[PDB]
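Since the structure comes first, as structure tokens, the remarks are kept for the end.
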Amino acid sequence: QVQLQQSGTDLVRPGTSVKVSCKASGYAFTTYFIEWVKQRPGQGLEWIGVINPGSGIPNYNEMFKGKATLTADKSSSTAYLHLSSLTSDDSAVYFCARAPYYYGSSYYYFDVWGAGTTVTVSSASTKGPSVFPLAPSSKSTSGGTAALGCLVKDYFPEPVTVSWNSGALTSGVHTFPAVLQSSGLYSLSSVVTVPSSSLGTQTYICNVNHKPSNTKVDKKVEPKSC
Amino acid sequence: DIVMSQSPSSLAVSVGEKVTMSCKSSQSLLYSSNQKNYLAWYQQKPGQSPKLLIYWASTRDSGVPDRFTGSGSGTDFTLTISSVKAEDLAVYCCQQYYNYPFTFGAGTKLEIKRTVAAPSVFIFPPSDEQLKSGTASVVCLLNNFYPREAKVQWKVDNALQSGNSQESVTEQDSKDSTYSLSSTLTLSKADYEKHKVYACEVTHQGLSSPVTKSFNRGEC
Ligand SMILES: [Cl-]
Ligand SMILES: [Cl-]
Ligand SMILES: [Cl-]
Ligand SMILES: [Cl-]
């Protein structure tokens, strides 16, 4: 029931700064270390630094001491990662992780990890998505199985989340990695395979959430006879 | 700084088979005082944060199944999975916590090997809503195939298209071990309305010959 809850996705402009937060619960915040780790797309983990929330004292990797500053607020059980003077190399996911403080030592593995915070560094503005239905062609329903979906188009930055029928429909769902279009905006599809006989009868709604733009959209997908 | 090195960078193994993967450090992680190796392994599944798997080189974390075993000492360590299951696909990375700055290996990507599965192909004409906005996106879905390598080509009135499509592929499914793929053809409304036949042609190991899924605009 130990958990570290991280702040949401950040879009920040080159040269400016960002603060990532890590709120601990289910344990005594001041009795374990908080570690911070960087992960760039599909690449290895890099250790940034560590803070003792009881004393407030941080220790940095020499690779990050100018880029990163660690603080902790005891009253709110929250640790913070401040990143400064940002560049495109700072676009990454930042994890906080807990590490034991047993036997008076900081030399420990990392036993509980937050979900990560995505930071995108860019001069482009936030933009919410348009959501379009993906209705199968007739022959894309042959043989008793069909597919349908939603196209989540022209948004910035990543990520979006997509569910179906408010989470009741999970079987056969595929939500694809977004691609960056030549406009500099992302486009993503989510699809689900369903019995072809159900296209007339069951309601299918994709639930789209783009938290950077505070955009929430539910789109009902219907078949098109054409 | 200590350098952590992992091999192989990736491997594929069938369900039920044994896998071993290697982690080395540029200097010894064995502390003479307490005879412990300051070495951990993490598992990172797609869409997820790293999860602690092994520490002190050979201690399983609470709740980790016993088919995961860590071994080794000093500078040479191994992670063994005795009988791989379909849900074990992940990147496995090691970490030394012996010396600041703490450092991680680059990870071993474990992929699941299964029998060949041809894709099921579906195609979606653009919606009337989108067409009102001046653009037409045509989407082709390749569902539940294996192996990952697949080729998609778009044809508009049998003219091969270049430069106007993008695609992306899911991570491997943790249950049936397949992949899926989505490709989007983007045209202006004006161009969409000037042509009749929209086709995605799919090449894959499980298909004896390429498969074309197509529709005619306005018959669809
Ligand atoms: Cl968020
Ligand atoms: Cl907007
Ligand atoms: Cl209709
Ligand atoms: Cl298990």
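Every chain in the structure tokens takes a letter, A first, then B, and so on in the order presented; its residues are numbered from 1, and the ligands are numbered from 1 following the presented order.
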
Query raised in the report: Per DSSP on the backbone, what are the strand (DSSP E) residues of region 28-226 of chain A, as a ChimeraX atom specification?
Result: /A:33-39,45-51,58-60,68-73,78-83,92-99,112-113,117-121,130-134,145-155,161-164,173-175,179-180,186-195,205-210,215-220

Query raised in the report: Counting only C-alpha atoms, what is within 7 Å of residue 5 (chain A), bar same-chain residues fewer than 4 positions away, as a count of residues only?
Result: 4

Requested in this report: Could you tell me, counting only C-alpha atoms and all ligand atoms, which protein and nucleic acid residues lie no more than 12 Å from ligand 2, written as number ranges by chain?
Outcome: A: 125-130, 153-157, 185, 210-216

Requested in this report: With a distance threshold of 7 Å and counting only C-alpha atoms, extract the residues of chain B near chain A and express them as a list in words.
Outcome: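 Here they are: residues 40, 49, 50, 52, 55, 97, 98, 101, 102, 103, 104, 105, 106, 107, 122, 123, 124, 125, 127, 129, 130, 168, 169, 170, 215, 218, 219 and 220 of chain B.
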
Mind dumping the selected residues with N, CA and C atoms as a compact mmCIF listing (two decimals), in the first residue's frame?
```
# COMPACT_ATOMS: atom_id res chain seq x y z
N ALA B 40 21.37 -5.47 -8.26
CA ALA B 40 19.94 -5.69 -8.33
C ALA B 40 19.57 -5.89 -9.79
N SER B 49 6.49 1.06 -15.20
CA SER B 49 7.74 1.45 -14.56
C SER B 49 8.57 0.20 -14.24
N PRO B 50 9.87 0.36 -14.02
CA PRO B 50 10.66 -0.78 -13.56
C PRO B 50 10.10 -1.31 -12.25
N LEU B 52 11.21 -4.00 -9.01
CA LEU B 52 12.32 -4.72 -8.41
C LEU B 52 12.08 -6.22 -8.49
N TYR B 55 17.65 -8.74 -5.61
CA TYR B 55 18.67 -7.86 -5.03
C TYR B 55 19.65 -8.72 -4.24
N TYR B 97 24.55 -0.81 -6.81
CA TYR B 97 24.33 0.17 -5.75
C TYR B 97 25.48 0.11 -4.76
N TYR B 98 26.67 -0.18 -5.30
CA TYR B 98 27.92 -0.32 -4.57
C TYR B 98 28.66 1.00 -4.41
N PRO B 101 28.38 7.42 -8.52
CA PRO B 101 26.94 7.44 -8.88
C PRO B 101 26.44 6.03 -9.16
N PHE B 102 25.24 5.68 -8.68
CA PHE B 102 24.64 4.40 -9.06
C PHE B 102 24.46 4.34 -10.57
N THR B 103 24.67 3.15 -11.16
CA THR B 103 24.62 3.01 -12.61
C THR B 103 23.85 1.75 -12.98
N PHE B 104 23.22 1.79 -14.16
CA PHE B 104 22.37 0.71 -14.65
C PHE B 104 22.97 0.12 -15.93
N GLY B 105 22.74 -1.18 -16.15
CA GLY B 105 22.99 -1.72 -17.46
C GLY B 105 21.96 -1.20 -18.46
N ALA B 106 22.27 -1.34 -19.74
CA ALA B 106 21.38 -0.85 -20.79
C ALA B 106 20.15 -1.73 -20.99
N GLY B 107 20.13 -2.94 -20.43
CA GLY B 107 18.92 -3.75 -20.46
C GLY B 107 19.02 -4.87 -21.48
N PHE B 122 -7.96 -5.27 -41.97
CA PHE B 122 -9.18 -4.47 -41.99
C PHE B 122 -8.85 -3.11 -42.57
N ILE B 123 -9.82 -2.47 -43.22
CA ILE B 123 -9.59 -1.14 -43.78
C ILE B 123 -10.79 -0.25 -43.46
N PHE B 124 -10.50 1.01 -43.13
CA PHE B 124 -11.48 2.00 -42.68
C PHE B 124 -11.48 3.23 -43.58
N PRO B 125 -12.53 3.46 -44.35
CA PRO B 125 -12.61 4.70 -45.13
C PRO B 125 -12.69 5.90 -44.20
N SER B 127 -14.10 9.18 -42.28
CA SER B 127 -15.44 9.56 -41.85
C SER B 127 -15.92 10.81 -42.58
N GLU B 129 -17.34 13.21 -41.02
CA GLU B 129 -16.87 14.29 -40.15
C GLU B 129 -15.49 14.79 -40.57
N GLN B 130 -14.55 13.88 -40.78
CA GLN B 130 -13.21 14.32 -41.18
C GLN B 130 -13.24 15.02 -42.53
N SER B 168 2.61 2.46 -37.19
CA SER B 168 3.20 2.12 -35.90
C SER B 168 2.72 0.73 -35.48
N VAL B 169 3.47 0.12 -34.56
CA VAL B 169 3.30 -1.29 -34.21
C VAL B 169 3.14 -1.38 -32.70
N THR B 170 2.25 -2.26 -32.24
CA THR B 170 2.09 -2.42 -30.80
C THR B 170 3.28 -3.19 -30.24
N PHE B 215 -11.35 -0.99 -50.77
CA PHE B 215 -12.72 -0.53 -50.94
C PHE B 215 -12.75 0.51 -52.06
N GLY B 218 -17.48 5.48 -51.79
CA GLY B 218 -18.90 5.58 -52.07
C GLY B 218 -19.60 4.25 -52.27
N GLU B 219 -18.86 3.15 -52.31
CA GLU B 219 -19.39 1.80 -52.17
C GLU B 219 -18.87 1.12 -50.91
N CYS B 220 -17.60 1.39 -50.57
CA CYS B 220 -16.91 1.09 -49.28
C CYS B 220 -17.12 -0.29 -48.62
```

Report task. Mind checking which residues fall within 9 Å of residue 20 (chain B), counting only C-alpha atoms, ignoring those fewer than 6 positions away in the same chain, and posting them as a PyMOL selection string? Result -> chain B and resi 78-82

Query raised in the report: Counting only C-alpha atoms and all ligand atoms, what residues are within 10 Å of ligand 4, given as a PyMOL selection string?
Result: chain B and resi 63-68+84-85+87-88

Any idea what's packed within 6 Å of region 201-208 of chain B, counting only C-alpha atoms, ignoring anything in its chain fewer than 2 positions away? Could you give it as a JSON list (two decimals) with C-alpha atoms, in the first residue's frame?
```
[["chain", "number", "residue", "atom", "x", "y", "z"],
["B", 116, "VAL", "CA", 3.83, -17.98, -37.46],
["B", 117, "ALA", "CA", 0.49, -16.15, -37.49],
["B", 118, "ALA", "CA", -0.74, -14.26, -40.54],
["B", 150, "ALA", "CA", 5.49, -6.94, -42.14],
["B", 151, "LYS", "CA", 5.25, -4.74, -45.22],
["B", 152, "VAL", "CA", 2.37, -2.36, -46.03],
["B", 153, "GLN", "CA", 2.01, -0.59, -49.37],
["B", 210, "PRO", "CA", 0.48, -10.62, -50.67],
["B", 211, "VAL", "CA", -3.05, -9.80, -49.48],
["B", 212, "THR", "CA", -4.93, -6.69, -50.66]]
```

Query raised in the report: Looking at A:208, A:119, A:168, A:18, which one is nearest to ligand 1, with distances taken over only C-alpha atoms and all ligand atoms?
Result: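 Among A:208, A:119, A:168, A:18, it is A:119 that comes nearest to ligand 1.
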
Using only C-alpha atoms and all ligand atoms, find each residue with an atom at most 9 Å away from ligand 1 and format the answer as a PDB file with C-alpha atoms, in the first residue's frame.
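Ended up saving to result_27.pdb:
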```
ATOM      1  CA  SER A   7       2.685  14.774 -11.179  1.00  0.00           C
ATOM      2  CA  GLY A   8       1.281  14.838 -14.699  1.00  0.00           C
ATOM      3  CA  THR A   9       2.782  15.405 -18.146  1.00  0.00           C
ATOM      4  CA  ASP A  10       4.685  18.671 -18.727  1.00  0.00           C
ATOM      5  CA  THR A 117       6.386  11.870 -15.442  1.00  0.00           C
ATOM      6  CA  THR A 118       6.764  12.684 -19.157  1.00  0.00           C
ATOM      7  CA  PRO A 159       0.280  11.390 -24.433  1.00  0.00           C
ATOM      8  CA  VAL A 160      -3.423  10.675 -24.841  1.00  0.00           C
ATOM      9  CA  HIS A 210      -5.659  14.482 -23.506  1.00  0.00           C
ATOM     10  CA  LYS A 211      -4.650  15.837 -20.113  1.00  0.00           C
ATOM     11  CA  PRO A 212      -2.257  18.591 -21.401  1.00  0.00           C
TER      12      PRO A 212
END
```

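Minimum atom-to-atom distances from A:66, A:16, A:195, A:79 to residue 171 (chain A) were compared using only C-alpha atoms, and the lowest value belongs to A:195.
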
Report task. Extract the full set of helix (DSSP H, G or I) residues from region 21-182 of chain B according to DSSP on the backbone, and format it as a PyMOL selection string. Result -> chain B and resi 86-88+128-132

Report task. Find the distance between CA of residue 15 (chain B) and CA of residue 53 (chain B) and write it in Å to one decimal. Result ->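 A separation of 19.8 Å between them.
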
**Report entry** Nearby residues (only C-alpha atoms) at most 12 Å from residue 14 (chain A), same-chain spacing under 2 positions excluded, as a list in words
**Finding:**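 After dropping sequence-adjacent residues, the list is residues 11, 12, 16, 17, 18, 83, 84, 85, 86, 87, 88, 89, 90, 91, 119, 120, 121, 122, 123 and 124 of chain A.
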
Query - Gap from CA of residue 140 (chain B) to CA of residue 183 (chain B) - Å, one decimal - result: 5.2 Å
